[PDB]
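**Student:** how would this look folded up:
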Amino acid sequence: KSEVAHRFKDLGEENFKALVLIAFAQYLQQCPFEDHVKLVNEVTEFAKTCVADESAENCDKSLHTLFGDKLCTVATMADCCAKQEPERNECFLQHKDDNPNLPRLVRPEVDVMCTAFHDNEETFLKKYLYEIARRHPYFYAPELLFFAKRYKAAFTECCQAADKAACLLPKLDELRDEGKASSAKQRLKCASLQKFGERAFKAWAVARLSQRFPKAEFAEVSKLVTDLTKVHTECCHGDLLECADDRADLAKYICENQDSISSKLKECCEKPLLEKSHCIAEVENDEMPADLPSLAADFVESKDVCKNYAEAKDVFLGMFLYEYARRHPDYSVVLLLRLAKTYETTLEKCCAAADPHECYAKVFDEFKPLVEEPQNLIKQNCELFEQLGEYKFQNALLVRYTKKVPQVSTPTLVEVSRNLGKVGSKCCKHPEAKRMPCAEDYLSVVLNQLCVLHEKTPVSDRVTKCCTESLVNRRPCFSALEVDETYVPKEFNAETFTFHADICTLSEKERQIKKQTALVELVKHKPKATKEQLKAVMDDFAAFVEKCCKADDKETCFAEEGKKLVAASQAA
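**Tutor:** Residues are numbered from 1 along each chain as shown. Below you will find the coordinate block:
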């Protein structure tokens, strides 16, 4: 009874107040900061009355009831409040915006920010949680607390340091970059649960955890998957308090049972809570017993397989994925899942036909082309990555993917292609025994970010097709797409190819965005243009963007010479 009191007792006021602000800012994204803080405090003072007396005023109500009722004291969508629980919460989830119409979060001067932090400490943190949760409504809530704690620590020392700027900026860029990664990775976890089901998540966890805790028994990995699924099920459906509380329940059980799980968790468990759970998620793979028997025994070369399979199909298939994953930390998670269903298929087929053992004999030969295909793409794209730059490797993927799906909105095409290009620096560096999990599972995260940005205003049938068909075959589904022949080229708009002298005031990162954006509009205009025709026009831009930022008259340099640029760039 009194769940709000149970979660307040288990989390503490600070984390309770913080998580509720995230929950509110995630749902009602467009409501300003001060409005959300009003609701949070009104709930918190109400929670304290429940901790003091759990049977008192409305304390026995569900969390979704209290939160949804409270949320809708400002919500004017409006239709989402004629409904009851869970019907209201369900439509609160489906109304989450992966691209809220919110301004670009401009950063003030370091002296100005440091003043604000010292002005009000607690207010400055809430405004960090508010602007992140309202723009990433699928942000892992417990991680965002650890992000806030670290966002707090970055300002504590760098506002007290000699050169505040050189201390703070690289810390705020490191947090922002990893912050996006934590949202995009979590966005893929919430897609699986909501769009594909509980079993599609369990299969994901069994493979990844067995890769990371290879020495742990199957019964131990199944327990971890069960509790971890429940945690992300709560976080993906808006049950943030139960998600954060049960995520601590998980980290506790992991750390007091390290002997049965992993040897790499020693230091992770000596850390405080928000760092402990963050450490266990980021811990590297343990060593595999090395003395494991070949997998053919008990899944192929053994008899009574279709009797062990039929007897309990899910636990038997989990045992196969468990056994295959722990032996292969060099495989990507998606591959292991492909082999899980490929193995499951050949059982469904061969556990009915005459003499089962016959047709499932060399099922391991079906795995061979499945393993080769990503290795031949990662090896090839890594070769392409290193003969170009990272920025050039993005320009190549911009042309390659704008030709694949030219219906997709240009800002989404650019944003996704840049996140696609970042796999090179991140994973090509690693050896080929570490490349596949790094490279392909990261591309899975980037392609899901393309799905959700496209699912809002769908425009490309092939994007919808690949995104809805499956999770594990998404990467090859996009990898197989060729140049869209049917796409009618977009007409020449004089606005979309004219830069202005204000580009000389933008950062090198933002100036890349603008030049890279003009590349998409160029490919959408001449989708039959060759690599050498687009490089011949892309170089004319950067030279034009560089000579017209030093010329004493900048405005008239971007003019006239900016129309001597477009007329020359045409024909091809």
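**Student:** How about the contacts made by the residue nearest the centre of the chain?
**Tutor:** Centroid check for the chain by CA atoms, centre = their mean gives residue 184 as the closest residue, at 1.6 Å. Residue 184 is in contact with 419, 445, 446, 448, 449, counting by CB atoms under 8 Å, 6 or more residues apart in numbering. Every residue, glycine included, has its C-beta placed from N, CA and C.
**Student:** try residue 440
**Tutor:** Here residue 440 is in contact with 332, 334, 335, 374, 378, 475 (criterion: CB under 8 Å, 6+ apart).
**Student:** Could you say which helix or strand holds the residue nearest to the centre of the chain?
**Tutor:** helix 164-191 (DSSP states H and E).
**Student:** picking that back up, in PyMOL, select just the buried ones from the contacts of residue 440.
**Tutor:** Applying 16 or more other CB atoms under 10 Å to the contacts of residue 440 leaves a buried subset, and the PyMOL line that selects it is:
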select buried, resi 332+334+335+374+378+475
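**Student:** Among the contacts of residue 440, name the ones in strands.
**Tutor:** Counting by DSSP state E, none of the members of the contacts of residue 440 fall within strands.
**Student:** Could I get the full set of helices for the stretch 251-400 of the chain?
**Tutor:** 266-270, 273-282, 296-299, 305-311, 313-327, 333-350, 356-359, 367-387, 390-404 (DSSP state H, counting those that start in this stretch).
**Student:** Of these, which is nearest residue 38?
**Tutor:** helix 273-282 (26.4 Å; CB to CB).
**Student:** The closest one versus helix 164-191: what angle between them?
**Tutor:** Relative orientation of helix 273-282 with respect to helix 164-191: 60 degrees, computed using axes from the mean of the first three to the mean of the last three CA atoms, to 10 degrees.
**Student:** hmm, who's touching helix 273-282?
**Tutor:** With CB under 8 Å, 6+ apart, helix 273-282 has contacts from 142-143, 145-146, 149, 247-248, 250-251, 254-255, 265, 267-269, 271.
**Student:** change it to 10 Å
**Tutor:** 12, 15, 140, 142-143, 145-150, 182, 185, 212, 228, 231, 244, 247-248, 250-252, 254-255, 261-262, 264-265, 267-271 (CB atoms under 10 Å, 6 or more residues apart in numbering).
**Student:** Make a ChimeraX selection of the buried ones in those.
**Tutor:** Buried residues among these (16+ other CB under 10 Å), as a ChimeraX selection:
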select :15,140,142,143,145,146,147,148,149,150,182,185,212,228,231,244,247,248,250,251,254,255,261,262,264,265,268
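**Student:** For residue 132, which of the helices of the stretch 251-400 of the chain is the nearest?
**Tutor:** Of these, nearest to residue 132 by CB to CB is helix 273-282, at 15.3 Å.
**Student:** how about the closest one: buried residues?
**Tutor:** So helix 273-282, judged by 16+ other CB under 10 Å, has buried residues 273, 274, 276, 277, 278, 279, 280, 281.
**Student:** distance between it and the chain's centre?
**Tutor:** 18 Å (CA atoms, centre = their mean, to the nearest Å).
**Student:** All the helices of the stretch 51-200 of the chain, residue numbers only.
**Tutor:** Using DSSP H, counting those that start in this stretch, helices in the stretch 51-200 of the chain cover 63-71, 87-94, 110-119, 121-133, 141-158, 164-191, 198-212.
**Student:** Was I right to think residue 298 contacts residue 304?
**Tutor:** Yes: taking contacts as CB atoms under 10 Å, residue 298 lies within contact range of residue 304: 9.4 Å.
**Student:** of the two, who's got more company?
**Tutor:** Remark: of residue 298 and residue 304, residue 298 carries more neighbours, 16 against 9, as counted by other CB atoms under 10 Å.
**Student:** now the more buried one: how far from residue 359?
**Tutor:** 18 Å (CB to CB, to the nearest Å).
**Student:** next one: residue 122
**Tutor:** 66 Å.
**Student:** So for those two, which residue has more residues nearby?
**Tutor:** residue 359 (14 against 9).
**Student:** which non-adjacent residue is nearest that one?
**Tutor:** Of all residues not flanking residue 359 in the chain, residue 350 sits nearest, at 4.5 Å (CB to CB, 6 or more residues apart in numbering).
**Student:** again, but for residue 193
**Tutor:** Nearest to residue 193 is residue 236, by CB to CB, 6+ apart, at 4.8 Å.
**Student:** wait, doesn't that neighbour sit right on residue 242?
**Tutor:** No: using CB under 10 Å, residue 236 makes no contact with residue 242, being 11.9 Å away.
**Student:** so what's residue 25 up against?
**Tutor:** 31, 33, 36, 40, 126, 129-137, 139.
**Student:** let's see 7 Å
**Tutor:** For residue 25, the contact set (CB atoms under 7 Å, 6 or more residues apart in numbering) comprises 36, 130, 133, 134.
**Student:** quick one: which helix or strand includes the first one?
**Tutor:** With elements taken from DSSP H and E, the one containing residue 36 is helix 33-52.
**Student:** Which members of the contacts of residue 184 are the farthest-apart pair?
**Tutor:** Counting by CB to CB, the most remote pair of the contacts of residue 184 is 419 and 448, 10.7 Å apart.
**Student:** Quick check: the residue nearest to residue 359 vs residue 57, distance?
**Tutor:** For residue 350, the distance to residue 57 equals 62 Å [CB to CB].
**Student:** Residue ranges of each domain in this structure, please.
**Tutor:** As assigned by CATH domains of a matching chain, the chain contains the domains 2-97, 98-187, 195-286, 287-372, 373-484, 485-564.
**Student:** and those as a markdown table, adding distance to residue 571?
**Tutor:** Below are the domains of the chain laid out as a markdown table (distance: least, CB to CB, whole Å):
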| stretch | distance to residue 571 |
| --- | --- |
| domain 2-97 | 42 |
| domain 98-187 | 36 |
| domain 195-286 | 45 |
| domain 287-372 | 42 |
| domain 373-484 | 18 |
| domain 485-564 | 9 |
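**Student:** Mind checking the ones you listed for the one nearest to residue 572?
**Tutor:** domain 485-564 (4.6 Å).
**Student:** what separates that closest one from the chain centre, distance-wise?
**Tutor:** So, by CA atoms, centre = their mean, the centroid of domain 485-564 is 31 Å from its chain's centroid.
**Student:** go on, stretch 129-138?
**Tutor:** 14 Å.
**Student:** got the end-to-end distance for it?
**Tutor:** Using CA to CA, to the nearest Å, one end of stretch 129-138 lies 13 Å from the other.
**Student:** same check, this time on stretch 293-307
**Tutor:** Stretch 293-307: ends 21 Å apart by CA to CA.
**Student:** And stretch 7-21, by the same measure?
**Tutor:** Stretch 7-21 end-to-end distance (CA to CA) = 15 Å.
**Student:** Pull out the buried residues from that stretch.
**Tutor:** Buried-residue list, stretch 7-21, by 16+ other CB under 10 Å: 7, 8, 10, 11, 15, 16, 17, 18, 19, 20, 21.
**Student:** Can you tell me what sits against that stretch?
**Tutor:** So stretch 7-21 is contacted by 36, 40, 43-44, 47, 51, 126, 129-130, 141, 145, 148, 240-242, 244-245 (CB under 7 Å, 6+ apart).
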